[PDB]
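Secondary and tertiary structure notes
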Amino acid sequence: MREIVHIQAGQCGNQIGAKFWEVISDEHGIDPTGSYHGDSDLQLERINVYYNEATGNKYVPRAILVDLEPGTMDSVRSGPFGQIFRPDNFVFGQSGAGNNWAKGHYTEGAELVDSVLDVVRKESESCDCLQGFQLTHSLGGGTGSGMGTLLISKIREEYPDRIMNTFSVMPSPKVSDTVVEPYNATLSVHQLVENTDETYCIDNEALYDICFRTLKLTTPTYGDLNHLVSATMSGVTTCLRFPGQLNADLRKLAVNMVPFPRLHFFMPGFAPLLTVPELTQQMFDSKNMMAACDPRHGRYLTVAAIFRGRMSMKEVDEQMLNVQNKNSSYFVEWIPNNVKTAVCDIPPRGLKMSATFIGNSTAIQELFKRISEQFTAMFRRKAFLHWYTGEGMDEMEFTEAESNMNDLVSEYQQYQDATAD
Amino acid sequence: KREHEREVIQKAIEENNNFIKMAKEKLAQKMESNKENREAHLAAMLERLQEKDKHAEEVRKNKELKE
Amino acid sequence: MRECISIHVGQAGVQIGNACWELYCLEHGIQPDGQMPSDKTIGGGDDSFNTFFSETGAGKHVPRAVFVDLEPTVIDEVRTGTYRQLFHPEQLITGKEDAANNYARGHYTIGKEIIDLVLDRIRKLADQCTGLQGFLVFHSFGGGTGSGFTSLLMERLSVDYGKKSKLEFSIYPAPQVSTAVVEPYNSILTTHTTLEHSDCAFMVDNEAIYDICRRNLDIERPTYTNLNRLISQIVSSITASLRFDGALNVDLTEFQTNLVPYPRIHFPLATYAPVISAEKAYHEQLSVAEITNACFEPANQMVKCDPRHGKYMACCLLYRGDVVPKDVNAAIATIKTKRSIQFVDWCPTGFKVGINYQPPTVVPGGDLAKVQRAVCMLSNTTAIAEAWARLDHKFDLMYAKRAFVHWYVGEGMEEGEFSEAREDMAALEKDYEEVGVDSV
Ligand SMILES: Nc1nc2c(ncn2[C@@H]2O[C@H](COP(=O)(O)OP(=O)(O)OP(=O)(O)O)[C@@H](O)[C@H]2O)c(=O)[nH]1
Ligand SMILES: Nc1nc2c(ncn2[C@@H]2O[C@H](COP(=O)(O)OP(=O)(O)OP(=O)(O)O)[C@@H](O)[C@H]2O)c(=O)[nH]1
Ligand SMILES: COc1ccc(N(C)c2cc(=O)oc3ccccc23)cc1O
Ligand SMILES: [Ca+2]
Ligand SMILES: [Mg+2]
Ligand SMILES: [Mg+2]
């Protein structure tokens, strides 16, 4: 009964959104009709965090579905669990932003925004006690990126004492050719750094590389990538959704993971893609990060680790202690006890045991540096800029977004270089 | 001696009352200062977001005044 | 008279409260519905156990207790659990939003919304007392509510009850079962805020209790339930003097005279024996000398520190069960020629002794063996200051970089409250040093 309101915006947002609800409904024993046909009581104990209860034992996701392009929401509707989402919670526009951030943020998105807010408000006013909001979106397009970041800004104006949490999909030339995506990402980051409390960096580069290199998948579809996102999203929300020795909400996550308000971009990780020692080893390995950053190139500010399945807690405790000792240089020494472990009995689907990793690492600067290089390769030669000035954007707004992201990088560097003595 | 006895008990009452009094006022000053501080933190946040609404009005103006 | 009101604040306070009240019911023969067949005075009386239980006309024995949390899910389990009929619903108080591990929210943002209602309910209990002695307050140092709400309540209680005694049972944080990275901040903030408002505080180091469950009870990975069962035994030992009568019984208040030499030096070290499994207690009887000796084994302490490297300012032994003074005196004489027991030069060296005859009770399905005789030592040692030094150091590491400070500032606090709290802690550590220096 501490409620979360889920918002999915754009194609990516809506696709990863639908995957999330599929996997968590399956985990909570919820049908596509909305009925409980599970076996464990731990499934329903905190069900209200993500689901509304309408009578006849019907569980409806507290989810709002948004796009400037009407097609995508027919896919959700005529996918699995399309029958579960509230019909009034679908909000579609007409044109589609066509990969233009300025269109999603300032023009078309701005026109559709108030009708989304009406659905937010309706869901929010029925809440016993609102925790806040999770937005799924990409930063490369125009709706998820532009309209998503507008939505955040407007929601934050009406609910400034609530938590804003995102699952943001970072662009790679390895997945999409759309050349303008480094502009859309930089502009989005500029917003996210000012207006979210916590952001999960789902990096398409890392997902590609996991699929190609590790899983051996020769050509990665979005369906291959989203199998990674969904396993991760299932993992990171575990302590929100189940009772344990540690009961969590979005605010306690932020308080404990975010030592400085701008440094709220997390590297998620997953294992396996085993014995307890092996799982532990794997979750701290670069190959397992959902963000293309090497942890050994930075320092961990904070870490949260979730072990799932039936295993020895004593063993998990010793292995977690063990990995910190062996890797002591990669954890800042000025935040004592900065790695926290939780255990949940319910494994995810098809695995006996898993490990999900939430890292606030100064190595996330590699993600932002990559985006900043692709950004700067276009902006000094002014490429495709008319797409943005044509919507009424100033040129200084591009310069500002850029050096705010540059500041973020050097702030992540400052805390990396910092010592106790 | 009876005078001294009166003065001891009166001193006891006075110090006790002073403790209660100082505790009541310190708490009132802390709760007031806190309420003010929190209000100013939220007011600044809302002002920033207000500037974002004002800047977006300028962007939609700038687009139309291309014609 | 003399009634004690218990106040259980936040998750740790509430769960420890569950374990304590369940054990009290077992020790006094009070059933889950509140009925106590051996109590022949219906609807009232001034027996020893009435310090902790009031009585209804219907024969129900009701804890003189309030449970408060800023979130409902821990207290909901009391409402729906085994001992649900013991408490009037008005004794169990919950808000909707917790403090989110944040002292500022517990003390100010969320705490201020429920504080007048809490004092109303406490007032209702106090009005049913004929000679209220004081309050026992149970909370964690680390939680947002256990820190921030407790310090708000203690300040308000000083206002509304004057110098009426307030004692604490305070859960000191350990890495093994901690919940927040900001526990050092919350610990220092409450400690500073509460210091002038508390007469005596019994700290319980979660790591000491965790170690004891591991080493003495062969529990691989102790849970809160394991810890709390042990903590409740230690709490029961301390309050036994209030809840039972007997010729050799010595009132807790009389121990307190010896334990608190200066108002700020009010943190006794508790040590408890024996903690032993059923398997090991079988055919092995632990004598008075054996359990007394175990009191000077640092492994049996509730707070990790080393008294062999500090000075004593007081030593109290609280025995329960089959124990006579002759055996105590013999055990003490042996210990006094064999241990590192150095007192400061301004305090006498005699140990103060109480004996309650009712043997220790154990909760069904628990880990502790039922024994014939147990002891809780309360000492005032300069060594307890080690616990402060460790916590202050953790606070300093984060605070030098202002890590997480914006979460507190965002809720209305200022940097000057952190530095003021920390300075009070430096002065406390200094105080413990000064009391240990020889007189001129
Ligand atoms: N991992 C993952 N990435 C996706 C998926 N769908 C799209 N993307 C990425 O999202 C970015 C493009 O954003 P979209 O969500 O397609 O665009 P939109 O938000 O709908 O915006 P417009 O279509 O321009 O209005 C590209 O970088 C794609 O690689 C998906 O299902 N999974
Ligand atoms: N011994 C013991 N320690 C506990 C228990 N519950 C929590 N703790 C400890 O208390 C600290 C966290 O504080 P809690 O009491 O859980 O938090 P709270 O008072 O409910 O405050 P918030 O939840 O932040 O609002 C950590 O050091 C935990 O190990 C318990 O039942 N027993
Ligand atoms: C670095 O110290 C900490 C980090 C996080 C947390 N909390 C509250 C968690 C919140 C959550 O939603 O997921 C978790 C999964 C595993 C472990 C912790 C959390 C607590 C901490 O001390
Ligand atoms: Ca009676
Ligand atoms: Mg699209
Ligand atoms: Mg709590």
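Residues numbered from 1 in each chain as written, not as in the entry; some residues may be left out. Chains lettered and ligands numbered in written order. Part of a larger assembly, values for the part shown. Heavy atoms only, no water.

Method information in the entry identifies X-ray crystallography as the source of the structure, with 2.25 Å recorded as the resolution.

Examining the overall build of chain C
Counting its regular elements, chain C contains 15 helices and 12 strands. Against the compact-globule benchmark of 22 Å for 440 residues, chain C has a radius of gyration of 21 Å, which places it among compact chains. For chain C, the spread of C-alpha atoms along the principal axes amounts to about 60 × 60 × 45 Å. When the 440 residues of chain C are sorted by exposure, 63% land in the buried category. Counted over contacts in chain C with a minimum sequence separation of 6, partners at least 24 positions apart contribute 81%. Of the roughly 16,100 Å² of accessible surface on chain C, a fraction of 50% belongs to carbon and sulfur atoms. (Helix = DSSP H or I, 4+ residues; strand = E, 2+ residues; numbered from the N terminus. Rg over C-alpha atoms; globule rule 2.2 N^0.38 Å. Buried < 20%, exposed > 50% of the residue type's maximum accessible area, 1.4 Å probe, protein only. Contact = heavy atoms within 4.5 Å. Areas by Shrake-Rupley, 256 points an atom, 1.4 Å probe, with all protein chains shown as cover.)

Comments concerning the packing of helix α6 (residues 204-214) of chain A against helix α7 (residues 222-236) of chain A
Residues and elements named next belong to chain A. Across the interface, α6 lies against α7 with an axial gap of 9 Å and an inter-helix angle of 110°. Here α7 runs roughly perpendicular to α6, going by the angle between their axes. Residue-level inspection shows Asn204, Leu207, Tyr208, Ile210 and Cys211 of α6 in contact with α7, the latter providing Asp224, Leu225, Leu228 and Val229. Looking at the contact of α6 with α7 residue by residue, the classes come out as 7 nonpolar, 1 polar and 1 charged. (Axes fitted to C-alpha atoms, helices over the stretch in contact; angles between N-to-C directions. Parallel < 35°, antiparallel > 145°, perpendicular 65-115°, else oblique. Nonpolar A, V, L, I, M, F, W, Y, C, P; charged D, E, K, R; others polar.)

Observations concerning the site of ligand 1
Residue and element names in this part refer to chain A. In the neighbourhood of ligand 1, 21 residues make up the surrounding shell, with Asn99, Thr143, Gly144, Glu181 and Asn226 lying closest. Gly98 has a polar backbone atom sitting 3.4 Å from an oxygen atom of ligand 1. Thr143 has a polar side-chain atom sitting 2.6 Å from an oxygen atom of ligand 1. Calculation on ligand 1 without its partners gives an accessible area of 650 Å², and the protein chains cover 93% of this total. The set of elements that each furnish at least two residues to the shell around ligand 1 consists of α1 (10-28), α4 (143-158), α6 and α7. Of the residues that constitute the shell around ligand 1, the class distribution is 7 nonpolar, 13 polar and 1 charged. (Near = heavy atom within 4 Å. Polar contact = N/O pair within 3.5 Å; in protein donor to acceptor, adjacent residues only side chain to side chain.)

Re unusual backbone geometry
A cis amide bond, omega -5°, links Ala271 of chain A with the succeeding residue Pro272 of chain A. Among the secondary structure elements, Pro272 of chain A is positioned in the loop between β9 (265-271) and α10 (276-283). Residues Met1 of chain C and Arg2 of chain C are joined by a peptide bond in cis, for which omega reads 0°. In this structure, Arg2 of chain C sits in the segment before β1 (4-9). Within the chain, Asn101 of chain C stands out as a residue other than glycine whose phi angle is a positive 55°. Take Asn101 of chain C: it is sitting in the loop between β5 (92-94) and α3 (103-109).

A few points about the coordination of the calcium ion (ligand 4)
All names here are of chain C. The protein atoms donating to the calcium ion (ligand 4) are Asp39 (OD), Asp39 (OD), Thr41 (O), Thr41 (OG1), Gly44 (O), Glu55 (OE) and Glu55 (OE), with metal-donor distances spanning 2.3 to 2.5 Å. Along the chain, the residues donating to the calcium ion (ligand 4) fall in the pattern D-x1-T-x2-G-x10-E. Looking at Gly44, the relative accessible area reads 24%, which means it is partly exposed. (Donors = N, O, S within 2.8 Å, 3.2 Å for Na, K, Ca; no water.)

Points about the nonpolar core
Membership of the largest hydrophobic core comes to 185 residues, with the highest contact counts inside it found for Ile364 of chain A together with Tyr185 and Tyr408 of chain C. Excluding residues that lie within four positions of it along the chain, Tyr408 of chain C makes contacts with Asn101, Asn102, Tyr103, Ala104, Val182, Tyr185, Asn186, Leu189, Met413 and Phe418 of chain C. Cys25, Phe53, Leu230 and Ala374 of chain C belong to the second largest nonpolar core, which has 59 residues in total. (Core = buried A, V, L, I, M, F, W, Y, C linked by side-chain atoms within 4.5 Å.)

Considerations on the site of ligand 3
Taken together, the neighbourhood of ligand 3 is formed by 18 residues, with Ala248 and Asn338 of chain A together with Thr179, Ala180 and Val181 of chain C sitting nearest. One finds residues of chains A and C in close proximity to ligand 3. Contact between ligand 3 and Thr179 of chain C: an oxygen atom at 3.4 Å from a main-chain N or O atom of the residue. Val181 of chain C places a main-chain nitrogen or oxygen 3.3 Å from an oxygen atom of ligand 3. At the level of secondary structure, the elements contributing two or more residues to the shell around ligand 3 comprise α8 (238-241), α9 (250-257), β10 (300-309) and β11 (339-344) of chain A.

Some thoughts on a nonpolar patch on the surface
On the surface, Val179, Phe384 and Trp387 of chain A cluster together into a nonpolar patch covering about 260 Å² of accessible area. The exposure class assigned to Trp387 of chain A is partly exposed, which follows from its relative accessible area of 34%. (Patch = residues over 30% accessible without salt bridge, like charges linked within 9 Å, V, L, I, M, F, W, Y side chains within 5 Å. Salt bridge = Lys/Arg side-chain N within 4 Å of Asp/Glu carboxyl O.)

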